[PDB]
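What follows is one chain in structure tokens, specifically the form deposited in one PDB entry.
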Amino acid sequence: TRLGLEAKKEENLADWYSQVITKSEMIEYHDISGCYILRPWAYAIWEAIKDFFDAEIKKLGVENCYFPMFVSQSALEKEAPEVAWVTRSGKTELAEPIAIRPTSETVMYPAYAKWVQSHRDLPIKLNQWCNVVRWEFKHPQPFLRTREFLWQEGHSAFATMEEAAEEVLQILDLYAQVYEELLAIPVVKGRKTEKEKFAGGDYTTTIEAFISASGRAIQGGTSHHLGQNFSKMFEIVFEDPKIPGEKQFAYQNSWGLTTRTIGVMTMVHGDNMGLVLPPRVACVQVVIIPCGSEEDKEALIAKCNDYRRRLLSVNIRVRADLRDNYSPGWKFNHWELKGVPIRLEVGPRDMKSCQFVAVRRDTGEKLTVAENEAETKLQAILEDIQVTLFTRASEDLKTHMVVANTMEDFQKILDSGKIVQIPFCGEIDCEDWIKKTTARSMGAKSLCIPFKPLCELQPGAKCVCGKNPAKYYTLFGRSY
């Protein structure tokens, strides 16, 4: 066991990630491959995301619920290799296997069919916070790629396509708000290609995040328009209020956001000193550490409690580390590893001078702040830390996302650690050829068709394959 980190983020990113998530007390490993323990330091971030997102969807009329985890084989057949099957209880074998949900479309929609008789029963907007299981045999990674993960999943059903199309973008923007405003992570809004869209849906919208350390992208969240494909599978129908006799199928959406958010936060903002928490999601925004007798020792404790109560009065999540068995230097390293945005340091000389040293986690700057200006200055520093983290991550993404129009430039830019927007024909066969040619997975797959591309096509613009014309500028790159 060692004091600080041992692996540089730019040297061994895998070892760096494992050291950051464990020494920040976020992740503990489990004896089942692909499953990881969420320690309170990690789970508190998820609770911050949950508190924000849950209040926002309720403002939109979505209500919470809980559907069973187990799916009958019959329900799944209405619509495979990553689904986990329960086959016995104790020593007795079940009559037939039952599946653990990888997603709850086939669980809820049989119930949706019973609840919809007329168009007045629509819309139905439900969300549940729960766990799903996707038992893939690919290489797992904590937070990012796990066999079990926590998420929310929203499932809406409307009578018109126009209501559904509007919610898809509304939910997607809330997902962007979670990454941009809470996690200080920039994302690219876009549409998945036909190959990468949700199976059984019409179109899939997504937010793509970029990990600069690896040059790989990852899907931060998704919002599907299922159209009428699932309402035809489960007979979610209603009598047409404008045409008697004929029946209509409901238009549906589904949208999900997982704990992968936390791992992206770690990969983007974490440095060689450990984790870095955005002040918006840090359960401890300011940690007070006494610095520099037995009565003078009690003096530092009283002043640390005074700053603690004053910060609580201005709604600043503050905690004081008054433990007598750890030296100040140890606490400096400890709370630096955990990513607390501000380390409030109070010593004997600073206290007698009505001062204290505030250390920004993002930049390491030591700011000497007077006692009278404690509430206002610490709020300004917290605000500037959130802005700085987002601005640096934003310009990092902008400089690593460029445009290429030939496979030669595509490959050269891809090898420099960037993601590229290329003229793409949209076909699945060409997308497979792009991944195979760029692999020589090390190959590039499609990320999204950007809502706002960097440039536009022109009449006669050919795809990178050269055989089909280009339909849209599409973002490609190596992915998680």
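Under this definition, the rigid core comprises the largest set of C-alpha atoms superposing within 1.5 Å between the forms. Quick note: we count residues from 1 along the sequence shown, nothing fancier.
Compared against other deposited entries of this protein, residue 441 counts as often unmodelled, lacking coordinates in at least a third of those that resolve the residues around it. A chain break between residue 30 and residue 31 is not present, all residues of the deposited sequence in that interval being modelled. Counting the deposited residues that fall between residue 79 and residue 80 and carry no coordinates gives a value of 4 to 9. The stretch with the higher mean CA B factor, choosing between 343 to 351 and 195 to 203, is 343 to 351.
When 127 to 135 is weighed against 358 to 366, 358 to 366 comes out higher, by mean CA B-factor as recorded in the entry.
Out of 170, 248, 394, 388, it is 248 whose C-alpha atom has the highest B-factor in the PDB entry. If you compare the C-alpha temperature factors of 275, 289, 316, 268 in the entry, 316 comes out highest.
Per the PDB record, residue ranking by Cα B-factor puts residue 166 in the middle third of the chain. Among all modelled residues in its chain, residue 244 ranks in the highest third by Cα B-factor. Annotation for residue 415: C-alpha temperature factor in the highest third relative to the rest of the modelled chain, per the entry.
In this PDB entry, residue 90 carries a Cα temperature factor that places it within the highest third of its chain's modelled residues. Split the chain's modelled residues into thirds by C-alpha temperature factor. Residue 440 is in the highest one.
If you look for the form deposited in another entry, you will not find it shown, but the lines that follow are about it.
Measuring CA movement between the shown form and the other one with the rigid core aligned, the set 114, 366, 242, 232 has one residue at 2 Å or more: 242.
Once the rigid core is overlaid between the shown form and the other one, residue 93 counts among the residues whose Cα shifts by 2 Å or more.
In the core-superposed comparison between the shown form and the other one, the C-alpha atom of residue 194 has shifted by less than 2 angstroms.
If you fit the rigid core between the shown form and the other one, you'll see the Cα of residue 298 move by 2 angstroms or more.
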